[PDB]
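First, one chain by itself in structure tokens, the form deposited in one PDB entry.
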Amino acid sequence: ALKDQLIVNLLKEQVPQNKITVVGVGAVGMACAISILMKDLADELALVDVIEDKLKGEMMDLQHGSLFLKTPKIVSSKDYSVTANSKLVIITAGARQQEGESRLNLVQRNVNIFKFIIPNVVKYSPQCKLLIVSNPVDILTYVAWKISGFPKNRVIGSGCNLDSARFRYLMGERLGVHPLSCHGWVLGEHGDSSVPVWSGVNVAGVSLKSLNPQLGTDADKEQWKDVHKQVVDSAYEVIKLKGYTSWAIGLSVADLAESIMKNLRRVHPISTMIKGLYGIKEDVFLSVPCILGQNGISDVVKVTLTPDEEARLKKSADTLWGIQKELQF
């Protein structure tokens, strides 16, 4: 054999140490995949979906670029045995919202899908961290948590990580500063009831609210509330123009995967259980700033909310428990 004339083998299997699985090879799952590959976060990437040809073709397309990557194994199957020994399993599967339709309207269809995905993930990686991206993300993270049986630290929702990045993009464009230097937090539900925390909005530690006490309210002459309205409407606008969103969420997810895989312990506004904070007494999930690392969410930052901000969060939390109420699974 040519191989044996060229190479002397000194050692025969191959068990991966930093394997990530993406479930779902729609535009979101593939944006996640490419972003993860291009940040060198994994030594093995695994893809899962229910449409076989699509799945195989996406896999092969990625494999063809292997010369330009540093992830030496890309695999795919409809069978979840392909996901075994994953450190991180990202779930991007499920129905997506139509133009002009709330994410809340996807809830029952995605819960039924999760009734199938999640036990299969747990079976083959019982110690992985779950990163839920599918919408409505906050409820679907609760559902993943109940179905998996994992401790809460290891079930993370992508939440408002993207919402906050969009906020910082828009704030950046207004101020003429890079988003990395513009700080601002969008908390609560990833959707219409998200809460811009105007109190924390700042550049170089300078509170924008101190310079404009009306910041974010109807009294704001500069109308900064529209920045949050633009954050809320962003998906809707992108959906209207191109039919769907993919790139920003892929970057946003790869950002969270970077914190988890490298144990960075950066703070991200992501979905976690908030029972105990802000008078919330149920098993509700929504975005608060969390410390994220190798063990998932280890700690939560307690943001000091103004009665207005606290009210709006109360309301976000209420909207979500209102839907989560009726669920069986």
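Residues carry their position along the shown sequence, with the first being 1. So that the term is clear: the rigid core is the largest set of C-alpha atoms that superpose within 1.5 Å between two forms.
Q. How many missing residues of the deposited sequence lie between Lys12 and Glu13 in the entry, grouped as none, 1 to 3, 4 to 9, or 10 or more?
A. Missing residues, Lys12 to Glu13: 1 to 3.
Q: Decide which of the stretches 171-179 and 254-262 has the higher mean C-alpha B-factor, going by the entry.
A: Per the PDB record, 171-179.
Q.
Using only C-alpha atoms and the B-factors in the entry, which stretch averages higher, 224-232 or 88-96?
A. The entry gives the higher C-alpha B-factor average to 224-232.
Q. When you compare the CA B-factors of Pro213, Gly243, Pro126, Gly157 as listed in the entry, which one comes out on top?
A. Checking the PDB record, the top C-alpha B-factor among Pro213, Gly243, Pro126, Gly157 is at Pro213.
Q) Out of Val288, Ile297, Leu62, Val284, which shows the largest CA B-factor listed in the entry? A) Comparing C-alpha B-factors across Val288, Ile297, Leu62, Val284, the top value belongs to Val284.
Q | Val206 - Cα temperature factor, lowest/middle/highest third of chain | A | Ranked within chain, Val206 CA B lands in the highest tercile.
Q | Ranked C-alpha temperature factor of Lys302 among modelled chain residues, by third | A | Highest third - that is where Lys302 ends up once the chain's C-alpha B-factors are sorted.
Q: State the tercile, meaning the lowest, middle or highest third, of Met273 with respect to the CA B-factors recorded for its chain.
A: It belongs to the highest third of the chain when residues are ordered by C-alpha B-factor.
(Q) Test of reading the entry: by CA B factor among the chain's modelled residues, which third contains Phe114? (A) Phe114: CA B-factor falls in the middle third of its chain.
Q. When the modelled residues of the chain are sorted by Cα temperature factor, does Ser102 land in the lowest, middle or highest third?
A. Within its chain, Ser102 is a middle-third residue by C-alpha B-factor, going by the deposited values.
Form deposited in another entry: not shown, discussed below.
Q. In a superposition on the rigid core, which residue from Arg96, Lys209, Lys87, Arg166 has a CA displacement reaching 2 Å or more between this form and the one not shown?
A. Flagged residue: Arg96.
Q. Just checking, between this form and the one not shown and with the core aligned, does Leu106 shift 2 Å or more at the CA?
A. Shift of 2 Å or more: yes.
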